[PDB]
Every structure is written in structure tokens, then in C-alpha cells.
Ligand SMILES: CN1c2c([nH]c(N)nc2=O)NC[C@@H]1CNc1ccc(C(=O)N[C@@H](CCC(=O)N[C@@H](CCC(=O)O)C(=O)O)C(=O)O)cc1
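The form deposited without the named molecule is given below as one chain in C-alpha cells.
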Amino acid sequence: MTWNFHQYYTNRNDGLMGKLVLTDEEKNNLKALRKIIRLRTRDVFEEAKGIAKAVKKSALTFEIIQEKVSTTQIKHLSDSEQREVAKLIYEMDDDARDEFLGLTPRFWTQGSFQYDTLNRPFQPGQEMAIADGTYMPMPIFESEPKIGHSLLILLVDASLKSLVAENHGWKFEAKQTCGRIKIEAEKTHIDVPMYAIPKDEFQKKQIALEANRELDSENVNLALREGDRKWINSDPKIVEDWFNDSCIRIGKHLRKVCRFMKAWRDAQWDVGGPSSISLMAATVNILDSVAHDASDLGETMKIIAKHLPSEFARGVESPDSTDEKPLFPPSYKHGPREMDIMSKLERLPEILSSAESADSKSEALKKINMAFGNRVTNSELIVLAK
């Protein structure tokens, strides 16, 4: 016996894609959540700007400024955080205060929601994620921009915390690269990294955009929450463009197989396993260099599973040239975490082979479900090879 799994993988109702692709409820939910954060963040920034402009209008004391702060949504910060915001607004010099009054936060979602490879969570504790970056158009800087790193972080945190304060079952979490809202009961969290981008360039492109119906990566700076290094050059559009380009170059099946590999990962580890981006990059390298047939994703997945251990062993380069660190280290550097990852990857082609030569459709299903978990239950998707 030899079985074909193309329908197992791709059927949009009962097949693996049918089980991975977010429901409408889930997808509209994530969009509603993102919209809610965007609205509050713009509101919080206006409230702060309103105070700034009152300082510009007439020299207000520091005590008056603390008073005004305490009545805005910034009141959801800690009392030390609140006075920190008041101090920063009070201390801003004329140049910085003008720039701040010009600042309007802009938004852009990154990650799997944007790559369109966001899977429904499998194991308990696994969550849907969405990252919506907040971008701050400001003059080009080195060291520190006119509008402080500190002030920008506090206002974004104030936005998130004001939303948490309005929602039972929401929780705020501060991370090194973002603020986070988690809604455990909805298996959802939203990340908000903050970026500085050149203002003059942003304005120029925006005018052309509206007239005709991207920014220079080197000056896109990710804010870091702690440590000596407040900013780092990091442009999420690099990876985003690379992946979209890869999809065009390889074909529409690229997104499906990346979903399958992420689903494999979610089934093999409740927590941990290779990052999604290392799997996508390794898969892209394989499909770029190995002949395969998109009309049979059963066969294509066997090709992928066969070549992934070699990809990971030699180490997986980031498609972003400016990242020094690989997405995954080469063998001579592997510790326990990577060794565990190598063992799982080496097992995959064995699993897919045993499914292919199972005695029946029901056993073929059980065997391939060792790789992806028991999500697909309709064994009739599995057909005899011709």
C-alpha cells in the first residue's frame, strides 16, 4: 500500500488547512482588538500633547502639570510613572516640545498575522498572537531623539494599562521589546513593539502614496525597555518583504507548508521548539533549491521533512542581512535545546514514511497525526496513490 495525503493537508473543511486557518470569529476578533489599541494609543498621545501645548501657551508649574496628568488616561500608570511623565513634559525644551506637538503615532502589524500564516492554537497554553507596532515619526537621530525614549514608552504603556483597567480578564505584561496585553480566556495576546522612523521621509512617502492612488531600513529603530542600549536598528519590513517575495517566487503552496511546519512544531512541543521564522527560512531555502510538485503537498512535505535536518545542522541564516545572529546555530554550537530540536526534525521523515505505507486509511491517519497531532479526523481524505 502507498497512500497520498494531498487532501489530508489541503482540504479547507476537514483537512489540515481547514483546522489551521483561523475562524472568522477569531480573525475579526484580532482585528477588533488591534483597532481598540490603536484608538486608545492615539487618544493617549493627544491627551499628553494637549498638556504639552498648555506648557507652550503659558509657563505652568510642575505641580499643575502633575495635576493635569492625573486626570488623563495616564492615571492608569503607577504613581511614580505618572510623576515621571509629568517631569518629562515639564522638562522638555522648546525644540523638543514643538517636535512632540507634531508627533502622531502610526501603525503597522508584523509577524504571522501579516505573513498570513497564523495558525489556530493546538495545545493548552498555546495562544494566538498579533503584533501591532507603534511607529513614531521623528527627526533622524543618533544617541537619543528630541522626544525621549522614556516618554514614548510610558505613553504606550499608559494606553495598554488603561485598556486593561477597562476589561476583566485582561492582563498587561512588559517585555524587553514590547508591551503586551494578554487575554488568557481568549487564548490571545497582542504585542506592541515601538519604533522610531525618520519624519521627513515618512511624510514624503505618505504624500506620494495618497497621490498615487517604503522607508529606509537603516533608520528604523526598535525601542528596548531595559539595558544600556535604548534603541536598535530593526526593520520588520525586511523579513516581511522577503517572505512575500518568496511566496511569489516559489508559489501559493509556500504559505501552506510553512503553516504545516508551524503546526508540527506546536504538536511536538507544548512550549518551545524552533522559532517559526527559522522553519520558514529553512523551508524557503529547500523549495528554492529542491525540485518538488505543488500539486501534491503530501510529496512536497516529504521533500521538506527530508532536507530540514541538514538545513538546521548547517545553521539557519536570517534573511535579514543586518542580524548578526542566525535564526538557528550550526551543529558545533548546539546545546541541549538544539539537540532536542534536531532529534524531532530527524524523526519527521520517519513519521511521514510510516504513514505512507500504513495498512489502512485509519492507520495512515493515526501515523501522520503523530506529526501534526489529532486535528484531522476524517480518514477518507487519505486516498490510495495512483
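Quick note: we count residues from 1 along the sequence shown, nothing fancier.
Absent from the display: the form deposited with the named molecule bound. The rest refers to it.
Note on the interface: of 71 to 79, 215 to 223, 84 to 92, 244 to 252, the segment with non-hydrogen atoms within 4.5 angstroms of the named molecule in the deposited bound form is 215 to 223. With the partner removed from view, the residue among 313, 197, 303, 154 that has a non-hydrogen atom within 4.5 Å of the named molecule in the deposited bound form turns out to be 197. A heavy atom within 4.5 Å of the named molecule in the deposited bound form is found for exactly one of 135, 231, 122, 170: 135. With respect to the named molecule in the deposited bound form, the three residues 35, 38 and 106 uniformly fall within 4.5 angstroms at the level of their nearest heavy atom. For the chain shown alone, residue 146 is not a contact residue for the named molecule in the deposited bound form, no non-hydrogen atom being within 4.5 angstroms. The named molecule in the deposited bound form comes within 4.5 Å of no heavy atom belonging to residue 187. Although the partner is absent here, residue 42 lies within 4.5 Å of the named molecule in the deposited bound form, judged by heavy atoms. In the deposited bound form, the named molecule lies within 4.5 Å of some heavy atom of residue 235.
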